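Trainee: One structure, as structure tokens, below. Some questions next.
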Amino acid sequence: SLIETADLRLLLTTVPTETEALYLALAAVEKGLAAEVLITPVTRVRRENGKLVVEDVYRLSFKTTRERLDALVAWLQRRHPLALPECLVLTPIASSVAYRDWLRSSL
Amino acid sequence: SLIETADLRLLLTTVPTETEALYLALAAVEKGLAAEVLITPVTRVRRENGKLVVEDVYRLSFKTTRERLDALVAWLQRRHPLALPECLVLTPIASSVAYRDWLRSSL
Amino acid sequence: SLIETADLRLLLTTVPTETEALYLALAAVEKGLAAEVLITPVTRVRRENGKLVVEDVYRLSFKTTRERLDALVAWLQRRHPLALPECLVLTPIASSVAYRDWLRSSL
Amino acid sequence: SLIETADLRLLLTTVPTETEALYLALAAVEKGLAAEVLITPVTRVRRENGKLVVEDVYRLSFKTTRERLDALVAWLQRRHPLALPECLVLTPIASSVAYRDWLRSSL
Amino acid sequence: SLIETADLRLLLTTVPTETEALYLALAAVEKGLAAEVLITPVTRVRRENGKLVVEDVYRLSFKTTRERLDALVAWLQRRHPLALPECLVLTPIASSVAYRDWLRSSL
Amino acid sequence: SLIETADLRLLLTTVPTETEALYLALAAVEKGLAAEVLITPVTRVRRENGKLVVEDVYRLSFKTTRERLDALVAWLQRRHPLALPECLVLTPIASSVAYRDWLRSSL
Amino acid sequence: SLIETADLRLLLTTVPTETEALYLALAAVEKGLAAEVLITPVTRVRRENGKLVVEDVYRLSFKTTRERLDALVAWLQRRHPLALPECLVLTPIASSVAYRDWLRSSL
Amino acid sequence: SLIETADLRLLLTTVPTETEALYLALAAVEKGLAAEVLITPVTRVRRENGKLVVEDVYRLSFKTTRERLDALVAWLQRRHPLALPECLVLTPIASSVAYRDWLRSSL
Amino acid sequence: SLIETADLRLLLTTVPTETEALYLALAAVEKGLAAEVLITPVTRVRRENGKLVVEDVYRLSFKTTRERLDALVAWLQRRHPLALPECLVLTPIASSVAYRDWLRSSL
Amino acid sequence: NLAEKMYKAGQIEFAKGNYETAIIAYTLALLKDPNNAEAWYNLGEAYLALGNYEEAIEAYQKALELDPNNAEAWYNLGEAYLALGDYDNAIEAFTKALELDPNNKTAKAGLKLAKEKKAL
Amino acid sequence: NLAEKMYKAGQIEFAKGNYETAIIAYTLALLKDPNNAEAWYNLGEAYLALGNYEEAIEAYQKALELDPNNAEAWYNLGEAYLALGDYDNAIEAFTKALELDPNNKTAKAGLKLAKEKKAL
Amino acid sequence: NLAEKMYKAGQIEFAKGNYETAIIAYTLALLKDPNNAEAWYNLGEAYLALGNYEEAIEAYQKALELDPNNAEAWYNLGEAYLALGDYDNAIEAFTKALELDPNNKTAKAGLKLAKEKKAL
Amino acid sequence: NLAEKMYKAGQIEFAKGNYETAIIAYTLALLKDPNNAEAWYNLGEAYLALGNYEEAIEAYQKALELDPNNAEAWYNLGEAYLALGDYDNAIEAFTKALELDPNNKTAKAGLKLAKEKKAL
């Protein structure tokens, strides 16, 4: 059954390569920084050095809790390949009881 | 034009196979449980039985209303292939008037 | 370091073709309507003219600010290929200081 | 561990006799109206028909949830020996997780 | 039927002797300071002059309204046998309409 | 004079025997876990192993502060005779200045 | 130690002469209108009768409580030398316990 | 009589010289940027280029409204002698009706 | 440009002598307790031992942040010449971005 | 007997800020015993706190007739005169207050202010 | 010199509720002077407040070896034994605490509870 | 005796996220018994979680000297080398970790990332 | 090796406002190498920030024995003496600090305050 939550976080970031995406996902999950990571190959359009660039990057989505979010973010910036990395945090407003219990117990 | 909404929901879940993803999407849309479903092939990293697993799953995103969210969630858990399924609910804070009207009228 | 924000927006929409998705992404970024766009190929299931349709569309995600969101939305509806386009706005609750500064300075 | 709750209720009432107090306690517990009842022999001082009365009554305390409180109260007034019965509802602000789970599961 | 209230108070205090407890109860009720008083013989454990003491005291509970609470408290401290008396005020969140009317009309 | 407080707590629990009730009261008071404890012999009606039981237990009421409540609760569960103990926390909304000062200074 | 307060006020006003400033300070303190007054010689620039004026006035700052602020303000306007006097009220958000007790006890 | 206000502002800044302080005060008052300015000679202690400095500066206090505060602040930074100027804004919570009317009518 | 702040504090206190005022200002600034101190010679009128006193004291104003306010206050009371010292904390509601950054970076 | 109860009642109502009820209580006390100097002085104090300076003056002079050695009555009489703009009587009242109580800085400051306001 | 600073540091951290940091400070103090009875007793108190009853017992016996005339150490040793369910040693510890401090009601109540729990 | 109490204290403080206090506890444990491989490995883990990669490396090599058959120490040593940009030692460390634990995907992924970063 | 890790740990905990944990870390560092002047000075700084002025004084004198050319230690020693009311030693300490660092206004102001407080 659904329960309203405020202690779940979704950290979104993008990395250039698949091998780096896989490593960052596995490393973050194993040390309890993130419970689960999803890797999506996207296409990114932005302005780099004043010039438009269209690149094939990989998008990562870490599922964490509000308690372990700061630890994960600090680890990510220390290890993110890019000098300025994306860090966007969404918060699900609800989740199933079993999944929320599984999420917290994995961190 | 944009209008602030609080009666739109986005249910996110992942299923192992594409055929199951397509069936769950079509079945949910046809009985008015969800207005629209998007299926994205992702890569999932998590801890299964204490061991890290990297698997190619498919991510589903159901667009519903707060009134039909509980009915969709109950249907999903009854029919989800996994014993413990993902159920994350995001809420868009705004939407276009025409799209919001089309969303409600499809449920 | 993380800072709580309320002036960042994520506009989600889907377009039928990749060439149109790439053009809308590049056009929106270049005129400062959106700081960054991500294009994901998804599969969309919905009811069109009372009949279920399963189609391969492309999902766009524009990263903007609350100040430039209305300008981007107005531009999009004027130029969206579909007669009734999707327009969903998510709001990240937090972001890194450097990324937030880079986001605002690109619009 | 303590968790803040708002769905626990404590209904306080007094009955004249011990046999009636025991019966009302057992009857309320058995039909899931109340999870647990405590009976304390007190001395009650109040104004009855304009004259002060000092009487030995028994105080009852029903532990319920906010969902089953109305059902218990309605049952009590139908069966309370006094024409005008005491009905005071206190709300604990916190409780242990195990006790709260045991409380809800007993109604 | 239950109605949410905020104008009912429960003043809790303890006195050493039963005769003093009975007198304080009768005196408070007769001058409309308190509508109803309950006297419970308890055992009190606390630190007196740096030494632990276990004593048999009597606990009093005055049922009043928020309007007459200050008058009752002032009377009590003037007449309480102890130099430093207990004064704890609980507030029922709900009560039956008939009992609430009887409570107010008795002060 | 009365002052509105939010840093006072009342922890309610029941133990089977008087000797255990006296020991838990004295032990909690002496190590500053609780400022004052009251022991009331009550009668408890509840469902144990699916069967109704009417037993003579003793009710304890610890007066603490919100700062020392977690320490007292943790101590109690470690030492409570029952496998699943009662833990209900009430909060007085007001108290006399002298008593509140005496309460805080005893923890 | 610091405590958050809302019952302290700082009334700021300016008078032309030092002798009047000293008298208003002493008079206000002696009748418990203000606990403490500070007199600072400032230079005031404003528009008087449509013409700019630069004058050497004295600034007064009365430390009071919210209860005695209205009495002090009424006294000041009755006795202020100027036909239209300055009356600005600042509120400190915190103060030391000893100073706050000394402030209240002086009015 | 006192009235609670939220449209009055006090901008505090310091300038090195008296002649500059007088000019900034007169200039700000004459163009309706500030209704009234007070100049106090203070002593400022701060860290300049990593070394402690004790200097005799002049403190300015502009009385404005929330509507004209942004115009005054923008003018000040354009004309402030220091490269990095002090800009602190206090808000009086109350003022006399006549003074508040005189303040607004002077801007 | 102005930004609304809540993490800036202004601690006001008075000391009898100028040499003590200068020392307390320099000492507080050098150990990062306060970013900047202003010393104003005022005249203080208050009741000392039941008798009115008019004295020439010096007023100090420390500019700090809410994080370092408690450390500064504790240091001040340990070192304040008076047995009962003034401690009033005002909070600016806004400040320029550059000044706020300079304030935080100096503590 | 009843005069003292009313005089104490007026003092209690004055302490709580109820100046009008204090005036009623003091006036009642003054019917029993019109020769109560303390009641006359306290009645003037309630009037002065209310802003009525003509009645406050009248009460203070009555209190001084029954007791001319009251420094507080002399100084408070001067304050009432100051609030009325009458500086000649304010100087006389403040001077007499300083004769009785030389180390009164409020009276001393008031004398300086009265003299200066007279000069202008 | 440095032992006393660490012992006082542990006491300060214990008073604030930082039991784990208190344990580190007390342990540090016990390297300088392992024969500090007060440090051993206070270390056991921090362990007992943490819920660790085996280590609390070990510390209390060490404190009693250096100072067997500590009633508080004997009683607190009995409390640790009670929380472990070992009632024979709880009775012995509580009895010794009552020999040193006959008018200790917490030890007296604990002795009664230990005997009753042993009987059942 | 006291070494094990400090080692357990460091583990408790690490689990709560108190890495700096964990470092103090582990360091204290390493004075009693400098040949504790588990203490050396856990000290490096606390340093690595803090972001200090040079000290984390030093601790990991010490742990491997006393116990070279630790796959987790070898892999975590490689992670520290990766965060420092030193890819030659990261490859060597990750390769050794895979010799001890072939079915470790985090080490396998790290080896691939280290080789690719070396190529560019 | 381990001394430097503990000294850096104390500095980190001092920067975050954790003075008590900083004292534990500095004390630990002083067992390895009791002749570390910087550790002694920093330990006194943590004590001084805590309000303990007798221990802060003791640490500062130890730091000056190993390094008498520390102007900051001399001035901070004077500040500790000032907070204790001992003005003769405050003057001596502040004077020595000004010999090492003539352009130190905090020491110069402290010398003036110490002399004035001595005169009264």
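Residue names in the structure tokens use chain letters A, B, ... in the order shown, residue numbers from 1 in each chain, and ligand numbers from 1 in the order shown.
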Could you tell me which residues of chain L sit within 10 Å of chain B when counting only C-alpha atoms, and give me the result as a count of residues only?
Mentor: 3
Trainee: Which residues of chain C have any atom within 8 Å of an atom in chain B when counting only C-alpha atoms, and what is the closest pair of atoms for each, with the distance in Å to one decimal? Order the rows by chain and rising number and write it as JSON lines.
Mentor:
```
{"residue": "C:41", "atom": "CA", "partner": "B:40", "partner_atom": "CA", "distance": 7.4}
{"residue": "C:42", "atom": "CA", "partner": "B:40", "partner_atom": "CA", "distance": 5.2}
{"residue": "C:43", "atom": "CA", "partner": "B:39", "partner_atom": "CA", "distance": 5.1}
{"residue": "C:44", "atom": "CA", "partner": "B:38", "partner_atom": "CA", "distance": 4.8}
{"residue": "C:45", "atom": "CA", "partner": "B:37", "partner_atom": "CA", "distance": 5.2}
{"residue": "C:46", "atom": "CA", "partner": "B:36", "partner_atom": "CA", "distance": 4.7}
{"residue": "C:47", "atom": "CA", "partner": "B:29", "partner_atom": "CA", "distance": 7.5}
{"residue": "C:52", "atom": "CA", "partner": "B:30", "partner_atom": "CA", "distance": 7.3}
{"residue": "C:70", "atom": "CA", "partner": "B:2", "partner_atom": "CA", "distance": 7.5}
{"residue": "C:73", "atom": "CA", "partner": "B:1", "partner_atom": "CA", "distance": 7.8}
{"residue": "C:74", "atom": "CA", "partner": "B:1", "partner_atom": "CA", "distance": 7.5}
{"residue": "C:84", "atom": "CA", "partner": "B:99", "partner_atom": "CA", "distance": 6.8}
{"residue": "C:85", "atom": "CA", "partner": "B:99", "partner_atom": "CA", "distance": 6.8}
{"residue": "C:86", "atom": "CA", "partner": "B:99", "partner_atom": "CA", "distance": 6.0}
{"residue": "C:87", "atom": "CA", "partner": "B:95", "partner_atom": "CA", "distance": 5.4}
{"residue": "C:88", "atom": "CA", "partner": "B:95", "partner_atom": "CA", "distance": 4.9}
{"residue": "C:89", "atom": "CA", "partner": "B:94", "partner_atom": "CA", "distance": 5.3}
{"residue": "C:90", "atom": "CA", "partner": "B:92", "partner_atom": "CA", "distance": 5.0}
{"residue": "C:91", "atom": "CA", "partner": "B:93", "partner_atom": "CA", "distance": 7.3}
```
Trainee: Please produce an output containing N, CA and C atoms for each residue in the selection, written as a short mmCIF file (atom, residue, chain, number, x, y, z; two decimals), in the first residue's frame.
Mentor:
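Resulting contents of again.cif:
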```cif
data_model
loop_
_atom_site.label_atom_id
_atom_site.label_comp_id
_atom_site.auth_asym_id
_atom_site.auth_seq_id
_atom_site.Cartn_x
_atom_site.Cartn_y
_atom_site.Cartn_z
N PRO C 41 15.06 7.85 -26.40
CA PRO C 41 14.08 7.11 -27.20
C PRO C 41 13.26 6.17 -26.33
N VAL C 42 11.96 6.43 -26.24
CA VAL C 42 11.06 5.63 -25.43
C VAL C 42 10.01 5.00 -26.34
N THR C 43 9.14 4.20 -25.73
CA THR C 43 7.97 3.63 -26.38
C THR C 43 6.73 4.14 -25.65
N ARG C 44 5.79 4.70 -26.40
CA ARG C 44 4.63 5.37 -25.82
C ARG C 44 3.38 4.57 -26.12
N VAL C 45 2.59 4.29 -25.09
CA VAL C 45 1.31 3.60 -25.22
C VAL C 45 0.23 4.53 -24.70
N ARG C 46 -0.74 4.84 -25.56
CA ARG C 46 -1.84 5.72 -25.19
C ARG C 46 -3.02 5.43 -26.12
N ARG C 47 -4.14 6.11 -25.88
CA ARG C 47 -5.36 5.93 -26.65
C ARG C 47 -5.48 7.08 -27.64
N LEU C 52 -5.99 1.88 -29.11
CA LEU C 52 -4.67 1.81 -28.49
C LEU C 52 -3.58 1.85 -29.55
N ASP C 70 8.17 29.93 -18.67
CA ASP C 70 7.01 30.36 -19.45
C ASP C 70 7.40 30.70 -20.88
N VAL C 73 7.96 27.31 -22.65
CA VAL C 73 6.71 26.61 -22.90
C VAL C 73 5.95 27.25 -24.05
N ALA C 74 5.88 28.58 -24.07
CA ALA C 74 5.19 29.27 -25.16
C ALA C 74 5.85 28.99 -26.50
N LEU C 84 -1.75 18.53 -29.84
CA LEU C 84 -1.84 18.57 -28.38
C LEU C 84 -0.55 17.97 -27.83
N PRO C 85 0.39 18.81 -27.39
CA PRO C 85 1.62 18.31 -26.82
C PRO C 85 1.72 18.14 -25.30
N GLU C 86 2.54 17.17 -24.94
CA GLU C 86 2.82 16.91 -23.53
C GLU C 86 3.64 18.06 -22.95
N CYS C 87 3.27 18.48 -21.74
CA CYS C 87 4.01 19.53 -21.05
C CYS C 87 3.91 19.23 -19.56
N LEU C 88 4.92 18.57 -19.01
CA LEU C 88 4.98 18.26 -17.59
C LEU C 88 6.21 18.93 -16.99
N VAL C 89 6.02 19.59 -15.86
CA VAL C 89 7.08 20.37 -15.23
C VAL C 89 7.38 19.78 -13.87
N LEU C 90 8.57 19.21 -13.72
CA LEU C 90 9.08 18.77 -12.43
C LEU C 90 10.02 19.83 -11.87
N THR C 91 10.13 19.86 -10.55
CA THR C 91 11.00 20.82 -9.88
C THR C 91 11.98 20.09 -8.97
#
```
Trainee: Where in chain F does DSSP assign strand (DSSP E), given as a PyMOL selection string?
Mentor: chain F and resi 2-4+8-15+36-48+51-65+88-90+94-96
Trainee: Store the residues picked out above in a file with N, CA and C atoms, as a compact mmCIF listing (two decimals), in the first residue's frame.
Mentor:
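result_17.txt written:
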```txt
# COMPACT_ATOMS: atom_id res chain seq x y z
N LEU F 2 1.35 29.81 35.31
CA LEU F 2 1.40 28.85 34.21
C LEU F 2 2.23 29.40 33.06
N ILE F 3 3.00 28.52 32.43
CA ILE F 3 3.74 28.84 31.21
C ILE F 3 3.57 27.69 30.23
N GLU F 4 3.34 28.01 28.97
CA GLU F 4 3.19 26.98 27.95
C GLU F 4 4.53 26.30 27.70
N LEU F 8 8.33 18.89 28.09
CA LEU F 8 8.01 17.94 29.14
C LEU F 8 7.32 16.73 28.53
N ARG F 9 7.67 15.54 29.01
CA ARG F 9 7.12 14.30 28.48
C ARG F 9 6.61 13.44 29.62
N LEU F 10 5.61 12.61 29.32
CA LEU F 10 5.07 11.64 30.26
C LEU F 10 5.07 10.28 29.57
N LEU F 11 5.95 9.39 30.01
CA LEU F 11 6.05 8.06 29.44
C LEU F 11 5.24 7.11 30.29
N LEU F 12 4.28 6.43 29.68
CA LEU F 12 3.40 5.50 30.37
C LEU F 12 3.73 4.07 29.95
N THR F 13 3.84 3.18 30.92
CA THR F 13 4.11 1.78 30.67
C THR F 13 3.54 0.97 31.83
N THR F 14 3.36 -0.32 31.61
CA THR F 14 2.85 -1.22 32.63
C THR F 14 3.79 -2.40 32.80
N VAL F 15 3.98 -2.82 34.05
CA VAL F 15 4.80 -3.99 34.36
C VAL F 15 3.97 -4.94 35.21
N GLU F 36 10.58 11.89 38.15
CA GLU F 36 9.57 11.43 39.10
C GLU F 36 8.75 10.34 38.45
N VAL F 37 8.40 9.32 39.24
CA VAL F 37 7.66 8.16 38.76
C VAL F 37 6.48 7.90 39.70
N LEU F 38 5.32 7.61 39.12
CA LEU F 38 4.12 7.26 39.86
C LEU F 38 3.68 5.85 39.48
N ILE F 39 3.36 5.03 40.48
CA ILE F 39 3.01 3.63 40.27
C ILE F 39 1.57 3.42 40.72
N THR F 40 0.71 3.02 39.78
CA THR F 40 -0.71 2.81 40.03
C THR F 40 -1.05 1.36 39.75
N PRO F 41 -1.66 0.64 40.69
CA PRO F 41 -2.13 -0.72 40.40
C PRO F 41 -3.43 -0.68 39.62
N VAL F 42 -3.39 -1.18 38.38
CA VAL F 42 -4.55 -1.20 37.51
C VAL F 42 -4.90 -2.64 37.18
N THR F 43 -5.97 -2.81 36.41
CA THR F 43 -6.38 -4.09 35.85
C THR F 43 -6.36 -3.96 34.33
N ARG F 44 -5.67 -4.87 33.66
CA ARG F 44 -5.43 -4.78 32.23
C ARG F 44 -6.20 -5.88 31.51
N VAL F 45 -6.96 -5.50 30.49
CA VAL F 45 -7.69 -6.44 29.65
C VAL F 45 -7.19 -6.29 28.23
N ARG F 46 -6.69 -7.38 27.66
CA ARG F 46 -6.17 -7.37 26.30
C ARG F 46 -6.21 -8.80 25.76
N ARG F 47 -5.83 -8.96 24.49
CA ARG F 47 -5.83 -10.25 23.82
C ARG F 47 -4.40 -10.78 23.78
N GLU F 48 -4.17 -11.90 24.47
CA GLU F 48 -2.87 -12.54 24.51
C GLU F 48 -2.97 -13.92 23.87
N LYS F 51 -6.47 -15.05 22.99
CA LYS F 51 -7.40 -15.29 24.09
C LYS F 51 -7.42 -14.09 25.02
N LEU F 52 -8.61 -13.75 25.50
CA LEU F 52 -8.76 -12.61 26.40
C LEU F 52 -8.17 -12.93 27.77
N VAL F 53 -7.43 -11.97 28.33
CA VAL F 53 -6.80 -12.12 29.63
C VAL F 53 -7.12 -10.89 30.47
N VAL F 54 -7.48 -11.11 31.73
CA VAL F 54 -7.71 -10.05 32.70
C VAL F 54 -6.68 -10.21 33.81
N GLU F 55 -5.76 -9.26 33.92
CA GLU F 55 -4.63 -9.39 34.82
C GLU F 55 -4.47 -8.12 35.63
N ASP F 56 -3.89 -8.28 36.82
CA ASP F 56 -3.60 -7.17 37.73
C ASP F 56 -2.15 -6.74 37.52
N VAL F 57 -1.96 -5.66 36.77
CA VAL F 57 -0.62 -5.15 36.49
C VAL F 57 -0.46 -3.81 37.19
N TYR F 58 0.74 -3.24 37.13
CA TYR F 58 1.03 -1.95 37.74
C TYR F 58 1.43 -0.97 36.64
N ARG F 59 0.84 0.21 36.66
CA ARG F 59 1.09 1.22 35.63
C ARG F 59 2.11 2.22 36.14
N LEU F 60 3.13 2.50 35.33
CA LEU F 60 4.18 3.44 35.66
C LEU F 60 4.05 4.67 34.78
N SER F 61 4.38 5.84 35.34
CA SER F 61 4.33 7.10 34.60
C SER F 61 5.59 7.89 34.93
N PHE F 62 6.49 8.00 33.95
CA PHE F 62 7.75 8.70 34.12
C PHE F 62 7.61 10.13 33.63
N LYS F 63 8.05 11.08 34.44
CA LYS F 63 8.08 12.49 34.06
C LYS F 63 9.49 12.86 33.65
N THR F 64 9.66 13.24 32.39
CA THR F 64 10.98 13.52 31.84
C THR F 64 10.90 14.79 31.02
N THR F 65 11.97 15.06 30.28
CA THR F 65 12.03 16.13 29.30
C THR F 65 12.22 15.52 27.92
N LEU F 88 3.89 4.77 25.71
CA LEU F 88 3.05 5.88 25.27
C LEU F 88 3.57 7.17 25.88
N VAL F 89 3.70 8.20 25.05
CA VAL F 89 4.29 9.46 25.46
C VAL F 89 3.24 10.55 25.34
N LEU F 90 2.82 11.10 26.47
CA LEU F 90 1.97 12.28 26.50
C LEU F 90 2.83 13.51 26.76
N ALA F 94 1.28 22.76 29.47
CA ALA F 94 1.65 23.83 30.38
C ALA F 94 2.10 23.24 31.70
N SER F 95 2.78 24.07 32.49
CA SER F 95 3.21 23.69 33.82
C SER F 95 3.61 24.95 34.57
N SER F 96 3.65 24.85 35.89
CA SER F 96 4.11 25.97 36.69
C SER F 96 5.61 26.16 36.50
```
Trainee: Give me the residues of chain L that have any atom at most 12 Å from an atom of chain K; for each, the nearest atom pair and the distance in Å, rounded to one decimal. Use only C-alpha atoms, sort by chain and number, and format it as a Markdown table.
Mentor:
```
| residue | atom | partner | partner_atom | distance |
| --- | --- | --- | --- | --- |
| L:1 | CA | K:55 | CA | 10.0 |
| L:2 | CA | K:27 | CA | 7.3 |
| L:3 | CA | K:27 | CA | 9.4 |
| L:4 | CA | K:55 | CA | 10.8 |
| L:5 | CA | K:55 | CA | 8.3 |
| L:6 | CA | K:24 | CA | 7.1 |
| L:7 | CA | K:24 | CA | 10.4 |
| L:8 | CA | K:20 | CA | 10.4 |
| L:9 | CA | K:20 | CA | 6.9 |
| L:10 | CA | K:20 | CA | 9.3 |
| L:11 | CA | K:20 | CA | 11.1 |
| L:12 | CA | K:20 | CA | 8.5 |
| L:13 | CA | K:20 | CA | 7.8 |
| L:14 | CA | K:20 | CA | 11.6 |
| L:16 | CA | K:20 | CA | 11.2 |
| L:18 | CA | K:21 | CA | 10.7 |
| L:20 | CA | K:21 | CA | 11.4 |
| L:21 | CA | K:21 | CA | 7.8 |
| L:22 | CA | K:21 | CA | 9.9 |
| L:23 | CA | K:24 | CA | 11.4 |
| L:24 | CA | K:24 | CA | 8.4 |
| L:25 | CA | K:24 | CA | 6.7 |
| L:26 | CA | K:24 | CA | 10.2 |
| L:27 | CA | K:24 | CA | 10.9 |
| L:28 | CA | K:28 | CA | 7.7 |
| L:29 | CA | K:27 | CA | 10.0 |
| L:31 | CA | K:31 | CA | 10.0 |
| L:32 | CA | K:31 | CA | 9.2 |
```
Trainee: Print the selection's residues with N, CA and C atoms to a file, as a compact mmCIF listing (two decimals), in the first residue's frame.
Mentor:
```txt
# COMPACT_ATOMS: atom_id res chain seq x y z
N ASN L 1 42.84 -6.70 25.26
CA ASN L 1 41.70 -6.35 26.10
C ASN L 1 41.19 -4.96 25.75
N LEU L 2 42.00 -3.94 26.03
CA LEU L 2 41.61 -2.57 25.71
C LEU L 2 41.73 -2.29 24.22
N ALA L 3 42.60 -3.02 23.52
CA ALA L 3 42.70 -2.86 22.08
C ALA L 3 41.40 -3.25 21.38
N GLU L 4 40.79 -4.36 21.81
CA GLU L 4 39.56 -4.81 21.18
C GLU L 4 38.41 -3.86 21.46
N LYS L 5 38.38 -3.27 22.65
CA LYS L 5 37.34 -2.30 22.97
C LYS L 5 37.44 -1.08 22.07
N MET L 6 38.67 -0.61 21.81
CA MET L 6 38.85 0.54 20.92
C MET L 6 38.57 0.18 19.47
N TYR L 7 38.93 -1.03 19.04
CA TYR L 7 38.63 -1.44 17.68
C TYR L 7 37.12 -1.52 17.46
N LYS L 8 36.39 -2.07 18.43
CA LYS L 8 34.93 -2.11 18.31
C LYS L 8 34.33 -0.71 18.39
N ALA L 9 34.93 0.17 19.19
CA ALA L 9 34.46 1.55 19.26
C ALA L 9 34.62 2.26 17.92
N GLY L 10 35.74 2.02 17.24
CA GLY L 10 35.92 2.61 15.93
C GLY L 10 34.91 2.10 14.92
N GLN L 11 34.60 0.81 14.97
CA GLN L 11 33.60 0.25 14.06
C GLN L 11 32.23 0.87 14.29
N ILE L 12 31.86 1.07 15.56
CA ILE L 12 30.57 1.68 15.87
C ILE L 12 30.52 3.11 15.36
N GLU L 13 31.59 3.88 15.56
CA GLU L 13 31.59 5.27 15.12
C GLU L 13 31.63 5.37 13.60
N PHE L 14 32.25 4.40 12.93
CA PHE L 14 32.23 4.38 11.47
C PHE L 14 30.84 4.09 10.94
N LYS L 16 28.02 4.90 12.20
CA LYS L 16 27.16 6.06 12.36
C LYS L 16 27.56 7.23 11.48
N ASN L 18 30.54 8.81 11.72
CA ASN L 18 31.54 9.63 12.41
C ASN L 18 32.91 9.11 12.02
N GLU L 20 35.82 10.82 11.55
CA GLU L 20 36.95 11.39 12.28
C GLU L 20 37.11 10.76 13.65
N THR L 21 36.00 10.55 14.37
CA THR L 21 36.07 9.86 15.65
C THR L 21 36.46 8.40 15.48
N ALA L 22 36.05 7.79 14.37
CA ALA L 22 36.48 6.42 14.08
C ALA L 22 37.99 6.36 13.88
N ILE L 23 38.56 7.36 13.21
CA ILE L 23 40.00 7.39 12.99
C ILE L 23 40.74 7.47 14.32
N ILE L 24 40.23 8.28 15.25
CA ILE L 24 40.86 8.39 16.56
C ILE L 24 40.80 7.06 17.29
N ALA L 25 39.65 6.39 17.24
CA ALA L 25 39.51 5.11 17.92
C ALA L 25 40.41 4.04 17.31
N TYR L 26 40.46 3.97 15.97
CA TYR L 26 41.32 2.99 15.32
C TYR L 26 42.79 3.28 15.61
N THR L 27 43.19 4.55 15.57
CA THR L 27 44.57 4.90 15.88
C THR L 27 44.92 4.48 17.29
N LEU L 28 44.03 4.74 18.25
CA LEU L 28 44.25 4.30 19.62
C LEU L 28 44.43 2.80 19.70
N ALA L 29 43.61 2.04 18.97
CA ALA L 29 43.74 0.59 18.97
C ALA L 29 45.09 0.15 18.41
N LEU L 31 48.00 1.58 18.78
CA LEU L 31 49.11 1.69 19.73
C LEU L 31 49.25 0.43 20.57
N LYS L 32 48.13 -0.15 21.00
CA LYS L 32 48.20 -1.38 21.78
C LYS L 32 48.84 -2.49 20.96
```
Trainee: For residue M:47, please output as a list in words all residues within 10 Å (counting only C-alpha atoms; exclusion window: fewer than 3 positions along the same chain).
Mentor: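 So, after excluding close chain neighbours, the residues are residues 19, 20, 22, 23, 42, 43, 44, 50, 51, 52, 53, 54, 55, 56, 57, 58, 59 and 80 of chain M.
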Trainee: Please indicate the distance in Å from atom CA of residue J:79 to atom CA of residue J:107, rounded to one decimal place.
Mentor: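 Separation of atom CA of residue J:79 and atom CA of residue J:107: 8.7 Å.
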Trainee: Looking only at helix (DSSP H, G or I) from DSSP on the backbone, list the matching residues of stretch 6-63 of chain J as an MDAnalysis selection string.
Mentor: chainID J and resid 6:15 19:32 37:50 53:63
